[PDB]
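Here the first sequence stands for residues 1 to 127, 135 to 380, 383 to 571, where the numbers follow the UniProt record's numbering.
Below you'll find the structure, written out as structure tokens, and then a few comments.
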Amino acid sequence: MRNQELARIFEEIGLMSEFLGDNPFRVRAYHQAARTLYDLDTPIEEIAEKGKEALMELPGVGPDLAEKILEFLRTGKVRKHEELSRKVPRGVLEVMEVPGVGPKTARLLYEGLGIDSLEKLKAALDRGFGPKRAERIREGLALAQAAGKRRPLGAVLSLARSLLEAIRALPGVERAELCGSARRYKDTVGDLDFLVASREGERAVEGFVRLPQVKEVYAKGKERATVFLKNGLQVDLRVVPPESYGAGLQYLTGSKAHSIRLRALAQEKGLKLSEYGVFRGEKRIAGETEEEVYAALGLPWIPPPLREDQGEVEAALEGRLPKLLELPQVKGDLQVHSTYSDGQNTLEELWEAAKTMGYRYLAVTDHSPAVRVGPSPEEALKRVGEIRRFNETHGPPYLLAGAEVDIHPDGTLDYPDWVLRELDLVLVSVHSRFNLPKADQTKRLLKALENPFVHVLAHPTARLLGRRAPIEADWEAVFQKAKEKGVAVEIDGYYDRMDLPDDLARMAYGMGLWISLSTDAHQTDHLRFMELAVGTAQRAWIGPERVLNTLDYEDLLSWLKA
DNA sequence: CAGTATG
DNA sequence: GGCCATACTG
Ligand SMILES: Nc1nc2c(ncn2[C@H]2CC[C@@H](COP(=O)(O)OP(=O)(O)OP(=O)(O)O)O2)c(=O)[nH]1
Ligand SMILES: [Cl-]
Ligand SMILES: [Cl-]
Ligand SMILES: [Cl-]
Ligand SMILES: [Cl-]
Ligand SMILES: [Mg+2]
Ligand SMILES: [Zn+2]
């Protein structure tokens, strides 16, 4: 998947050019070029070899750039990127890539204290600015390393589907699933753990490695193999035989924590659970399929997302396995963005998208101004009017007229009451001073929670993955205040951010609280990231009950007043 | 070969 | 650290 390879090269030029001080319109132009190119689904292979006017249908794309997608896909390299690299060390680049730093600051620092690489930094670090801004940099350095090479799930997912077809449709591959971290729907992944049911695996493994998505081979076999892709990632393979495919799936999905409560049950029940089967003596009492095993250990098939050793095993033993949301059930997205703000879409495009998707509704929750220091209280009203007066010049689904409203530090909101009144949906989510002590930052959220027009609490922790640690608050008390005001909480399925995450999502929902689900979609493709959130719901043990997205337009609306 | 790391 | 099968070091 070399759409990364390109979007990579864009953002690079951006960062150097920005650093060097050239035109800021070209500059953002690249950043946005990469940001769609990274999150496309279909491949550039094609439209590259399909003329240019179809290539510019992609948002952010144009001529000046177009002639670079030439330079690249057509002719290989990128002349400007070279010329920039010539003037700007990779040393220094890694300095911008440091969260907190970034071009300007990076320049500042370089002309300030000749800082030109990471070690250069780390030293200086150990000795305008501010002593927070500086310790903010440290914090970044950390997450940088601390996160380190683990990727977010959706940043690869369609690529792990990409493979699975490829793997299934090899010769000598009867069945095959993606397992491990990805099948468990954990927010972050380290590697793709695959399984393959095969008698003859030395045509499996042998031709596994021979796939066009491989850079380097690291390990071969006849029952297994490791690979390090062109993109960076590691995908393993295991090859249990057909009679065992079920235990195969179990072992290769784990988790370690979960698979250990399991094997223990086999022990204390006179049995032996492996990656091959479950046994009494040499007789395999299960393996053929995965339920057929779980049933063999006296349990009701547990869902990957629950496989953590956090309750699932215990609850299985009473039939008390909870009822979970399913992608089927979701009747709408509850945060997307249009061209009234950072979104890239007209409303038609957004509509048509929700239709094919098969939603009953959709909120077009653009941003209040407390973000790009658009829309104005007035342009808010007009927007609402355009929407409402758009709504009835079209069928269903129904575009709710909504807004992601910033919280002010005091806890006041970023539009006024007077506006809020006219909205269908009211999101609220911080984008500002993320680091105040837990319980003063807790005031803030409660102080936000005081307004009664407030519907959802959007991407609550502000967590940007590998870029910003969650924010710090007494959630205990927050969701408390949100239960007792009829206020919902968001799972934001966008891959780079997943507020609410698994462990907070569970807590809340099982505090009595409702839940909003969304993709924060800024381009049409981003809608796909729904099940990402549903997946993450399921892991927080959540049923369709008390999920605003599982209501129907009307009902929801009804709820929206009460 | 056992002893240890590893998925 | 509670598991059970394997591949690598020695
Ligand atoms: N029985 C047993 N199985 C294990 C052990 N360690 C790992 N496994 C299984 C469970 C998960 C599976 C896949 O390997 P990974 O750890 O790479 O995958 P993951 O656990 O989902 O997370 P990630 O892919 O991000 O690492 O290997 C162990 O000590 N015993
Ligand atoms: Cl985690
Ligand atoms: Cl339904
Ligand atoms: Cl007011
Ligand atoms: Cl009113
Ligand atoms: Mg692994
Ligand atoms: Zn947002």
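Every residue, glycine too, gets a C-beta built ideally from N, C-alpha and C.
Using a Cβ-Cβ distance cut-off of 8 Å, the stretch 321-328 and the stretch 489-502 are not in contact, since fewer than three pairs of beta carbons, one from each stretch, lie closer than that value. In the three-state reduction of the DSSP assignment, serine 527 falls in the strand class. Contact check for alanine 549 against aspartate 508 fails: the beta carbons are separated by 7 Å or more.
In the DSSP annotation of this structure, the continuous segment of the alpha helix (DSSP H) that includes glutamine 32 starts and ends at 24-37. Taking the Cβ of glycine 544 as the reference point, every heavy atom of ligand 1 lies at 6 Å or farther away.
With fewer than 16 other Cβ atoms inside 10 Å of its own Cβ, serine 385 counts as exposed. DSSP places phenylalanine 19 in the helix class (H, G or I) of the three-state scheme.
The three-state secondary structure of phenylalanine 443, taken from DSSP, is coil.
Ligand 4 has no heavy atom closer than 6 Å to the beta-carbon of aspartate 419.
Placement of the Cβ of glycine 261 at a distance of less than 6 Å from at least one heavy atom of ligand 1 is found. Here the C-alpha atom of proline 469 lies approximately 16 Å from the C-alpha atom of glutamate 459.
The stretch 446-492 contains no complete beta strand (DSSP E) run of 3 or more residues. Put simply, the backbone Cα of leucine 20 is about 30 Å away from that of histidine 374. Around the beta carbon of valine 224, a 10 Å sphere encloses fewer than 16 other beta carbons of the protein chains shown; the residue is thus reported as exposed. The shortest CA-to-CA distance from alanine 189 to any of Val180, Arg182, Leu199, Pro418 is the one to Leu199.
When Cβ pairs closer than 8 Å are counted between the two stretches, the stretch 160-179 is seen to touch the stretch 208-226, the count reaching three or more. Within the same chain, Cβ atoms closer than 7 Å to the Cβ of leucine 244 are found at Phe201, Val203, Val212, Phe215, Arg231, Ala232, the five residues on either side in sequence being excluded.
A distance below 6 Å between beta-carbons, with the five flanking residues on each side excluded, links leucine 306 to the following residues of its chain, in chain order: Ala323.
Annotated as distal: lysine 338 and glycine 552, with beta-carbon spacing of 7 Å or more. Rounded to whole angstroms, the separation of the alpha carbons of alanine 254 and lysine 290 is 14 Å.
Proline 159 has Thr195 as its beta-bridge partners, per DSSP.
DSSP places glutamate 223 inside the beta strand (DSSP E), whose first and last residues are 221-226. DSSP places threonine 363 in the helix class (H, G or I) of the three-state scheme. Within the stretch 38-88, complete alpha helix (DSSP H) segments of at least 4 residues are found at 44-48, 63-69, 79-87, given in chain order. Straight-line measurement puts the Cα of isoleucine 292 at about 53 Å from the Cα of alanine 34.
Following the DSSP letters along the chain, one finds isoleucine 500 inside the beta strand (DSSP E) bounded by residues 497-501.
The chain-ordered list of residues whose CB is nearer than 6 Å to some heavy atom of ligand 7 reads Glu413, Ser438, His468, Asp529.
Here the distance from the Cβ of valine 285 to the nearest heavy atom of ligand 1 is not below 6 Å.
About 5 Å separates the beta carbon of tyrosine 30 from that of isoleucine 13, a gap short enough to meet the 8 Å contact definition. When the beta-carbon positions are compared, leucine 432 and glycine 411 come within less than 7 Å of each other. Here the stretch 480-491 makes no contact with the stretch 389-400; the two share fewer than three CB pairs at distances below 8 Å. Counting the other CB atoms within 10 Å of its CB gives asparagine 558 a total of 16 or more, which places it among the buried residues. Bridge pairing for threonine 233: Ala226, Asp243 [DSSP].
If you ignore the 5 residues before and after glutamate 356, its C-beta comes within less than 8 Å of the C-beta of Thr533, all in its own chain and listed in chain order. The way I'd put it, the stretch 310-323 does touch the stretch 262-276; three or more beta-carbon pairs between them come closer than 8 Å. For the pair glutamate 5 and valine 380, the Cα-to-Cα distance works out to about 32 Å.
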